[PDB]
Amino acid sequence: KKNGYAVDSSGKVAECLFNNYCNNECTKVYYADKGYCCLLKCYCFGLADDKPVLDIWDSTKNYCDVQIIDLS
């Protein structure tokens, strides 16, 4: 599995202001483990390798990865 900004079938990402909204999107819509609002877009942890994510800079990627959402 991978982490990244999940996009829908039309290619759009979910814009956000709050983490909880993103965790619902990521888990309920893309079946990921968790998610939070990274740089105003919903970032998902543990997406399926086939899931489409935005083509972003590796620097942004590593930036968004250094987060702890919960210990479970």
# chains A, B, ... in the order shown; residues from 1 in each chain; ligands from 1
>>> residues_around(residues="residue 69 in chain A", least_positions_apart="2", cutoff="12 Å", atoms="only C-alpha atoms", output="VMD selection string")
chain A and resid 19 to 20 22 to 23 33 to 38 43 to 45 64 to 67 71 to 72
>>> residues_around(residues="residue 2 in chain A", least_positions_apart="4", cutoff="7 Å", atoms="only C-alpha atoms", output="ChimeraX atom specification")
/A:45-49
>>> write_last_selection(atoms="N, CA, C and O atoms", output="CSV table (one decimal), in the first residue's frame")
chain,number,residue,atom,x,y,z
A,45,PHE,N,-3.2,7.7,4.2
A,45,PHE,CA,-2.1,6.8,4.5
A,45,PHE,C,-2.6,5.3,4.3
A,45,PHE,O,-3.8,5.0,4.7
A,46,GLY,N,-1.8,4.5,3.6
A,46,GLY,CA,-2.2,3.2,3.3
A,46,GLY,C,-3.2,2.9,2.2
A,46,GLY,O,-4.0,1.9,2.3
A,47,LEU,N,-3.2,3.7,1.2
A,47,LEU,CA,-4.1,3.5,0.0
A,47,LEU,C,-3.6,2.2,-0.7
A,47,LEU,O,-2.6,1.7,-0.4
A,48,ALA,N,-4.5,1.6,-1.5
A,48,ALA,CA,-4.2,0.4,-2.3
A,48,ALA,C,-3.2,0.8,-3.4
A,48,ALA,O,-3.4,1.9,-4.0
A,49,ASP,N,-2.3,0.0,-3.7
A,49,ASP,CA,-1.3,0.3,-4.8
A,49,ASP,C,-1.9,0.7,-6.1
A,49,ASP,O,-1.3,1.4,-6.9
>>> residues_around(residues="range 55-58 of chain A", least_positions_apart="5", cutoff="10 Å", atoms="only C-alpha atoms", output="ChimeraX atom specification")
/A:4-5,63-64
>>> atom_distance(atom1="CA of residue 12 in chain A", atom2="CA of residue 70 in chain A")
26.8 Å
>>> atom_distance(atom1="CA of residue 6 in chain A", atom2="CA of residue 42 in chain A")
7.3 Å
>>> residues_around(residues="residue 7 in chain A", least_positions_apart="3", cutoff="6 Å", atoms="only C-alpha atoms", output="list in words")
residues 11, 12, 13, 52 and 53 of chain A
>>> atom_distance(atom1="CA of residue 17 in chain A", atom2="CA of residue 40 in chain A")
5.9 Å
>>> closest_residue(among="A:24, A:3, A:30, A:15", to="residue 60 in chain A", atoms="only C-alpha atoms")
A:3
>>> select_by_dssp(residues="chain A", states="alpha helix (DSSP H)", output="count of residues only")
15
>>> closest_residue(among="A:51, A:16, A:61, A:9", to="residue 32 in chain A", atoms="only C-alpha atoms")
A:51
